[PDB]
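Presented below is the structure to which this report refers.
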Amino acid sequence: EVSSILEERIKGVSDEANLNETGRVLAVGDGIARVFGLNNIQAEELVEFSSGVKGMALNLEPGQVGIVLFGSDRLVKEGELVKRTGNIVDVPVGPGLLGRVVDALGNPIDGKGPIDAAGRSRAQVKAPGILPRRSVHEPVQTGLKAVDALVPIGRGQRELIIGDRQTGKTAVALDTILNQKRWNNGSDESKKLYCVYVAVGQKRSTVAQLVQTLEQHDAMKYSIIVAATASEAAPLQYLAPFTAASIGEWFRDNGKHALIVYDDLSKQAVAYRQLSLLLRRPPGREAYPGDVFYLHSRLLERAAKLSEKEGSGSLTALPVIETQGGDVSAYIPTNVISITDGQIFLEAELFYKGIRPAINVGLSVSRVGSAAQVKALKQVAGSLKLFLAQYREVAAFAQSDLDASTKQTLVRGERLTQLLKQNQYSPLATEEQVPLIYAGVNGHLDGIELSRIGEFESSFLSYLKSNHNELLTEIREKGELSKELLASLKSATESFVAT
Amino acid sequence: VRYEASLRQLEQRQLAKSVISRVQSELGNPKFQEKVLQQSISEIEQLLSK
Amino acid sequence: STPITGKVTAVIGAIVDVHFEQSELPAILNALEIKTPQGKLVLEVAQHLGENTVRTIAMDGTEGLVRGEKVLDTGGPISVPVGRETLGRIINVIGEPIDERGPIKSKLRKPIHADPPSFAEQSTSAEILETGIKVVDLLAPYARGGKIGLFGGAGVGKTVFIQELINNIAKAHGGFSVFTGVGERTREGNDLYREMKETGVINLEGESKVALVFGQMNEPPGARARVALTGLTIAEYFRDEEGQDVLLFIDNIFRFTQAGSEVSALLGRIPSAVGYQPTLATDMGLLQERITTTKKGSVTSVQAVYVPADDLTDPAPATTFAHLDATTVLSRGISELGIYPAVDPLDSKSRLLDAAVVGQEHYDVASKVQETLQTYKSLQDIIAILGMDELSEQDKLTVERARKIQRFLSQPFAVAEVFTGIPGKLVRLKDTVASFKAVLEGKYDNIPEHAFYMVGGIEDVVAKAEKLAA
Amino acid sequence: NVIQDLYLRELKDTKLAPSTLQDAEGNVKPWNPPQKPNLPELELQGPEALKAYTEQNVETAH
Amino acid sequence: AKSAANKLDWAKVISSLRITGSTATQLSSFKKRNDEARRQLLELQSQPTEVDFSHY
């Protein structure tokens, strides 16, 4: 019987613990048990209640230690013995969290059996030193043509993704992961990015959809989803990015590369606010704790491209901050903006105007740029940066009697903009990013009618595969366009454009 | 099929209250004396093993 | 009721502290009943302050509370009764009929607290609810088991929108519905009760396909806060045990926030931004998490939200905005233009609208609509200074289609026979896709603007043209 | 130990016995089978149709 | 059959041109299209008489 087996598991619990420090709750209100005892407690100790609830001890006051319950008050009551686990917070880190959805504790919320991990390591551990860190010579490709060229991203690099609420905020992040399937397949472990998605706030239904999408694209087989859902408690939410980072350290330390996407740190902030006000800890700007900055800075500097003495490895990061009204002035955005090296700022008007991704290039920046950009892609997109700049300015001069020069800009500009639009959940290879942009740059497609851009694009890709998938493979493998390749590429484009 | 499955769940909760009935039986029995004594000596042995 | 007897120590508000004796420990979230000529005053234990002195929140009024008044402890979360005669009666926070149709049949009782189902349990939505409201269907199609959210003005037909939904969707689907009112007016209550007796959804002899739990705003803040939790468990009884899908309806969840904000302050817990609860996020989150499409039963919430001073970036609407699958904004301006529904089409966005999901044609049509409206919106500014006098023939045609589309949206509702006196229209999903397609193609650019105004389907657009033509 | 005693006695000595088919039936849909495909009757009988159609038809141009 | 019905329907739009004053062309056309499509969606809606006894 199901009952007999369940009892058999309970029957095997009968060990007694001569608890060196025991405490007894004096009063528990607000999820802030104030416990009498626990003199040998180390700060941020994991403590196990009579209810079995786990906690941390943010306030160590002399007579009482105000434990913060990771659990719920429903199962907690006064007078309760509060056993001291006596070990500061640690989470399993190791290899086998690939394709595994876990909560912060490290318990699988997908419940795909016990976690495979090599150690449990503390999550309050610090960031790599200055000397233990060396430059980002590595690019990374998300499969989004604009992102990879206009805002080229690297590995061990942290760059913000600050944008309008859930307007494919999750979609932008997921796109990278899909192109990372290609790279993951790729043997080199600088190209085997073992991605970590940290779903903060996001409810279990929403994350279930994410999970389903990820399973559908088979992305789970390098993905890790640290999940702190809406139902999951605010201490768990608070420690969730810190915890996630620790998993990443194992990869980084192993010299491998990986990408951790904290989505959204804004909801992490709210949890810290909730905690602080309940612990009577000082509130601060925008009623967020004053040292919320200190948290974010610690977290985001752990991510980094290590020195080559440090086994040449990294933890790429791409934090996501959700701007509720595009308020970059907001305290949590301003802080993060300084810490981060780059921002991507999606604009709502563009979203409404059906540009999905709704990315606004003006307010998107990369501060590492061509160090982490493919040479081929750099060549054929310097022009693109300048062209788009003109198009933006001359977009507002689109409103009667207008010079031929202005009109040329408009034709080239509208067509380019249309070219950089991409349907959601379509990643691409760099070897196909380079041709399309080259064509647009040379204005072959700027000649082609706006309506016909889309059909041309797909046709061009097939045409390129037919005419010279040798060229495409060469572009992929050489990575640097020779004058001969640019000649040959131009010829192919010309041939295609004529049809 | 739905109530058939439900009856199984209802049975687990029925058997839960039957466990509670058995808890009262244990506490009625001089298992209350004898197994408490068993716990006492076991705790002595445990505490000696410290 | 455990012989834990407490004597009140402080009446300072709804917050009433009770002083249970030594050697007798209470537990958080218990239910205390205090014998009173107010029956049993129910106190939900919400903190322990130790020394067997609790700080509890009152549900009912605290007027005439005698100092040191004996407080029995009934323990655990208040357990209402559930059954299938829950359907067709109005039920107060503490689980008692307000329509006085006698006590609800207590086959089972359940606590008002319940915990969200686990990540593993969740089964994801992927079906399309139909509302029969064309704008809603095209530009924000709803999905069964969804979490629809009716952000909108001051009962600006917020109730009307819901009334239409009940008329169409609720009646149509065999599953139960639960209409829950958090801090709503007894005037509105009487209208809704009467109205739903009339529409027969409430059958006072024979089962109703709706249940009601009306909590009204005269009630102390504590009762206003914890009416919602009660409602959720009723839905759970249906969802789980009866297996039946629930088209839940709740009103108004800003009132849920406000009720909670007040008792945060009263509990002494420092209130966060714009005076909301410190635990605002998690309380919303727990409520939202409980509501989900479960394998046992798919629950489709329609949650009214009142956008205070029409500012939805205020933290309380903005926080809720995340948890809602299918947001909808109902704006005064569109109502004022004479367009019923009052929905702001750009701002109303449902998660599902993805190209394959709604079908390529539906998507393409909707993309064209979105562009047409967005173009029109851009051109409104141009018309403002320049005038429409130097903006293209094409632009003029796009604008003309937009005015026509604008008044194509004007579709009457049966539940605005009460208001306008114009019987509503239900337009098939396929028909709506077709009707919008035609307009965009310019097939109906010979049809008068007023022959789109306040009409339903394609047949109607043509027919009102014929009426004017005559 | 205590676990063993409570459980052993409970499982062994107390077992629920399944309820009546009627109780199961009560909580589930009972079943009654739908009847008829739909048999309509012959229409437009006799020369009523013949006369009506011949005379009615003049829906031509002149 | 069904293909005859629709082919003749569009033919009748241009036949009715030759003898304008149609008013039961619309009744013929509406009825044949309707019931053809209605029976087709009825037939596509169909779950033939089947019940589980394998699984359930």
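Chain identifiers are assigned as A, B, and so on, following the order in which chains appear in the structure tokens; residues are numbered from 1 within each chain, and ligands are numbered from 1 in order of appearance.
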Backbone-only DSSP, alpha helix (DSSP H) members of range 366-461 of chain A, as a ChimeraX atom specification:
/A:375-379,382-393,404-419,430-441,444-447,453-461
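Using only C-alpha atoms, the contacts of range 159-168 of chain C at a cut-off of 7 Å, with sequence neighbours closer than 3 positions omitted, comprise residues 131, 155, 171, 172, 413 and 415 of chain C.
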Within 9 Å of range 20-25 of chain B: each chain D residue with its shortest pair, only C-alpha atoms, as a Markdown table:
| residue | atom | partner | partner_atom | distance |
| --- | --- | --- | --- | --- |
| D:6 | CA | B:22 | CA | 6.2 |
| D:7 | CA | B:22 | CA | 8.2 |
| D:9 | CA | B:22 | CA | 7.4 |
| D:10 | CA | B:22 | CA | 6.0 |
Generate a file of the selected residues that holds N, CA, C and O atoms, formatted as a compact mmCIF listing (two decimals), in the first residue's frame.
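What follows is the written file result_7.txt:
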# COMPACT_ATOMS: atom_id res chain seq x y z
N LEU D 6 2.40 2.24 16.15
CA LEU D 6 1.19 2.91 15.74
C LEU D 6 0.74 2.40 14.42
O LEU D 6 -0.40 2.00 14.25
N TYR D 7 1.69 2.35 13.47
CA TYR D 7 1.41 1.98 12.12
C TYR D 7 0.99 0.56 12.00
O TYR D 7 -0.02 0.28 11.36
N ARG D 9 -0.21 -1.62 14.08
CA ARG D 9 -1.50 -1.86 14.67
C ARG D 9 -2.54 -1.26 13.78
O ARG D 9 -3.49 -1.94 13.42
N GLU D 10 -2.31 -0.02 13.29
CA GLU D 10 -3.30 0.67 12.51
C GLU D 10 -3.59 -0.04 11.21
O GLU D 10 -4.74 -0.40 10.97
Determine which residues of range 174-268 of chain A DSSP labels as strand (DSSP E or B) from the backbone of this structure, then write them out as a ChimeraX atom specification.
/A:193,196-200,224-228,257,259-263
Write out, as JSON lines, each residue of chain C that has an atom at most 12 Å from chain D, together with the closest pair of atoms and their distance in Å to one decimal, counting only C-alpha atoms, rows going by chain and rising number.
{"residue": "C:83", "atom": "CA", "partner": "D:27", "partner_atom": "CA", "distance": 11.7}
{"residue": "C:84", "atom": "CA", "partner": "D:27", "partner_atom": "CA", "distance": 11.2}
{"residue": "C:107", "atom": "CA", "partner": "D:27", "partner_atom": "CA", "distance": 11.7}
{"residue": "C:241", "atom": "CA", "partner": "D:27", "partner_atom": "CA", "distance": 9.7}
{"residue": "C:242", "atom": "CA", "partner": "D:27", "partner_atom": "CA", "distance": 8.3}
{"residue": "C:243", "atom": "CA", "partner": "D:28", "partner_atom": "CA", "distance": 10.2}
{"residue": "C:244", "atom": "CA", "partner": "D:28", "partner_atom": "CA", "distance": 11.5}
Written selection (N, CA, C and O atoms) as an mmCIF file, in the first residue's frame:
data_model
loop_
_atom_site.group_PDB
_atom_site.id
_atom_site.type_symbol
_atom_site.label_atom_id
_atom_site.label_comp_id
_atom_site.auth_asym_id
_atom_site.auth_seq_id
_atom_site.Cartn_x
_atom_site.Cartn_y
_atom_site.Cartn_z
ATOM 1 N N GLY C 83 -20.502 22.993 -0.766
ATOM 2 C CA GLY C 83 -21.423 22.026 -1.273
ATOM 3 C C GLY C 83 -21.797 22.560 -2.609
ATOM 4 O O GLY C 83 -21.116 23.425 -3.154
ATOM 5 N N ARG C 84 -22.860 22.002 -3.216
ATOM 6 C CA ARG C 84 -23.338 22.476 -4.485
ATOM 7 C C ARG C 84 -24.517 23.377 -4.303
ATOM 8 O O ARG C 84 -25.041 23.891 -5.286
ATOM 9 N N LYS C 107 -21.936 19.667 3.112
ATOM 10 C CA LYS C 107 -21.434 18.351 2.811
ATOM 11 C C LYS C 107 -20.025 18.256 3.324
ATOM 12 O O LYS C 107 -19.677 17.339 4.061
ATOM 13 N N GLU C 241 -12.473 18.745 -6.445
ATOM 14 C CA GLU C 241 -13.367 17.677 -6.104
ATOM 15 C C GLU C 241 -14.486 17.484 -7.076
ATOM 16 O O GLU C 241 -14.739 16.352 -7.481
ATOM 17 N N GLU C 242 -15.171 18.565 -7.516
ATOM 18 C CA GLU C 242 -16.237 18.401 -8.482
ATOM 19 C C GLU C 242 -15.658 18.244 -9.859
ATOM 20 O O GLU C 242 -16.342 17.795 -10.775
ATOM 21 N N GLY C 243 -14.395 18.691 -10.045
ATOM 22 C CA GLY C 243 -13.613 18.478 -11.232
ATOM 23 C C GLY C 243 -13.915 19.559 -12.225
ATOM 24 O O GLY C 243 -13.109 19.834 -13.110
ATOM 25 N N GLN C 244 -15.109 20.190 -12.099
ATOM 26 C CA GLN C 244 -15.653 21.177 -12.987
ATOM 27 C C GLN C 244 -14.761 22.371 -13.083
ATOM 28 O O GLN C 244 -14.173 22.805 -12.093
#
Show me, as a PyMOL selection string, every residue of chain B with an atom at most 12 Å from chain C, counting only C-alpha atoms.
chain B and resi 1-7+9-10
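Excluding residue 15 in chain B itself and same-chain residues fewer than 3 positions from it, the residues having an atom within 9 Å of it are residues 3 of chain A; 10, 11, 12, 18, 19 and 20 of chain B; 10, 11, 14, 15 and 16 of chain D, counting only C-alpha atoms.
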